[PDB]
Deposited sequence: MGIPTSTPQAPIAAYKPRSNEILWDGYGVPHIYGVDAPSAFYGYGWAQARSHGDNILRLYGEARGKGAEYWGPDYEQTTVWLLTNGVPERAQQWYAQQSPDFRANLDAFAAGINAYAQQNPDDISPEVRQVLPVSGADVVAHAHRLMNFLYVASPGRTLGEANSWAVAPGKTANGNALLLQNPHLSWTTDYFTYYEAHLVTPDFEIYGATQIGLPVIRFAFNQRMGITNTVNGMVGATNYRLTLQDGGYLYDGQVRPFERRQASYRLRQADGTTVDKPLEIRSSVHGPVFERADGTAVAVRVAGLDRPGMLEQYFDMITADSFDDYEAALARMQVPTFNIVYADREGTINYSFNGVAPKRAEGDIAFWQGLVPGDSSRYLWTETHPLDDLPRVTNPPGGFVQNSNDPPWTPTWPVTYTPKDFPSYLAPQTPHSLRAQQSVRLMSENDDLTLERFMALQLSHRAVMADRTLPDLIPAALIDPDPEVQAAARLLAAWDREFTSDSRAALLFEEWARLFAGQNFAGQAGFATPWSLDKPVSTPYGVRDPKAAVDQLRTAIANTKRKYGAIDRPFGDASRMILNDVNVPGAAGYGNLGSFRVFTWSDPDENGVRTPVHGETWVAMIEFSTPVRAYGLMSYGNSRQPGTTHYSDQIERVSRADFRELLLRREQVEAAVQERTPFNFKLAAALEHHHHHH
């Protein structure tokens, strides 16, 4: 009935487990934030310092030409200055948490100067405002894939909600690195993953509740085509002069000196002006520049004492983008299509994504939608919600709204990917779910596109006079259509699909029966032009041999996951082919070996039983500092889908501790 007793820390300490996951215990909130900053510095200090240096607008100054483009971009959009403003505009209690986090990073570096790379030492000390700037850059001035599931009690065997956290970002891009951690104070507990440098956990759960995120592509900014005339720009039939402001920055030279570079910032009524290569003057207008509370909003959301508290925090509209999914031990699940969306009187999403006329107040929006204007689903009749980056039109099944219920500029009405179709199928078709079964369904790696095309392609290919084309057809026909390590037909099938549906597998032109929202998990279907498709198979056969050495190389012999000296077989594949579990394989090297560019990173599954039970893995480990043993130590488990029990209970943490860091704050 009531959740288990909350632990009351009596001293400040980090207890590290065998995978480099910090469990940070603080006697108050600022102590916990300090421990967290320390931990992030230990695990990811070099890259965090680099990113903070950038968000300062000092990339060019610290590291030179390779960082200049970002510096100009951030200074033109006023990022470092606005961050100072946002910092001052924080509530006093939350500002103190940001200060403690920064102090934690500084203290780590001070105590361990040998762990900080020479190039990023000049960044120190860091400040609460540096923290705010990085978050500002990440959310506003930086598409990524993810899956998300929440399952209501009545859909489960035990009667407790289930939650999947499953973001698919790059395995290399530094600011997209996820980090796993656990924070405990007398007043709250949070477990989960977040991007390095963020002082709040974005993929969080505790004994009461949890949330996950996916990219919705919230159209938060407008690009306005300006009509230049007589030194200014035409607007409402009149010539307006630009606002002009002289700035400057330092650029590091090869000889270690810096050089002063002038930067003129021009602005129209819309916002700062950029000149494109072709000569088009474009004004960029970003919504939600006046929303300083995004970090505190996430923090209040994840530490909410009830669903009502959660929703009230969400409704602050300080988080500019993202689909957000929620579940709790009380049994509530919710999907929210979130972000800061301008109110507009006309135009669909395509109009607002292109260049909008910058010559008229007709297109100058000034207000944004409250939470209640955006697509949301709570405790639907189907007993689940999902999003796999599909437009928000099948977040549950049966649906609870249609496209007509919302302004046409909020979200597209384009065909749902085969991954998103699988997502809906896997939840809706299963009842009486256990955590074990939930996890088994997460591993789904079906070549759904093969189900949609092979029935037409095979017989067409078998009538080709080329015996090699015939052999390829039989190879494809014998395939179980799963992306398993041992599959001899999967690589060939991918190569054919690159032609049939484009290099991203999203092309629609080749199906016989087009996608339809009336049949949203069984269209598109069929091969429109079978003879043409056979010609594509012919080309694909040559492509497969060239890339991999044969038409029947085992999928997991070519597809490997390789970190340090760990090299294990791959399984699952591209989302747009229908694989739910995603590994976006790179192009092969000269030996036909390829690895994930993006895909599964932080993967966690939580049952809100009492106490909660949760399992997870992090593909690229919990640290990327040179010399760490916690980079390649999880990938072998990933290759066998061997998830770790995630440990939130004090006795569990104490039994797993491999390193103890007492701290003072």
key: Chain regions without C-alpha coordinates, deposited sequence numbering   = 1-8, 151-158, 682-694
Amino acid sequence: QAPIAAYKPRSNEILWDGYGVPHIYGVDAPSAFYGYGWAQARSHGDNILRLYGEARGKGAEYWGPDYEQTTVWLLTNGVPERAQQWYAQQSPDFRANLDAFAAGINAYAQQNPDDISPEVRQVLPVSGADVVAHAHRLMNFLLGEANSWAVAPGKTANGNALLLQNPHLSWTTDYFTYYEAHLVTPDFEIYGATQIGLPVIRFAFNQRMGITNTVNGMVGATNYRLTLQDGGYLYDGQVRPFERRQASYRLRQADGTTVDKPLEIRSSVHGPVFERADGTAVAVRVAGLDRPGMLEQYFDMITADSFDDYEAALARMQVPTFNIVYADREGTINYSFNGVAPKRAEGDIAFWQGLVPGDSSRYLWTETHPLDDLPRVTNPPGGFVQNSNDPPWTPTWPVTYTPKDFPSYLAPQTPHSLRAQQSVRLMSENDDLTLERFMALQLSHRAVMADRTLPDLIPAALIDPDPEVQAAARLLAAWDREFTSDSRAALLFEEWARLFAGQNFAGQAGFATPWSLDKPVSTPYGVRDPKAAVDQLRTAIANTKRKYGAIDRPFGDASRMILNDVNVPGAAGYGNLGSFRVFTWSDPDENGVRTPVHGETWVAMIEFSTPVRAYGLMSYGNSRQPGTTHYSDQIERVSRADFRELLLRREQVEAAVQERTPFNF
From here on, numbers count along this sequence of modelled residues.
ask   = Which is higher in the entry, the mean Cα B factor of 168-176 or that of 528-536?
value = 528-536
request  = Mind pulling up the entry and telling me whether 565-573 or 252-260 has the higher mean Cα temperature factor?
outcome  = 252-260
ask   = Reading the B-factor column of the entry, which of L228, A107, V582, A88 has the highest value at its C-alpha atom?
value = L228
inquiry  = Looking at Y335, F384, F203, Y224, which one carries the largest C-alpha B-factor according to the PDB entry?
reply    = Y224
ask   = For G45, does the deposited CA B-factor place it in the lowest, middle or highest third of the chain?
value = lowest
query = Is the Cα B-factor recorded for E436 in the lowest, middle or highest third of its chain?
reply = middle
request  = Name the third of the chain's ranked CA B-factors that contains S148, choosing lowest, middle or highest.
outcome  = lowest
Chain third (lowest, middle, highest) by recorded CA B-factor, residue given as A489 = middle
query = With respect to C-alpha B-factor, does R10 fall in the lowest, middle or highest third of the chain as deposited?
reply = highest
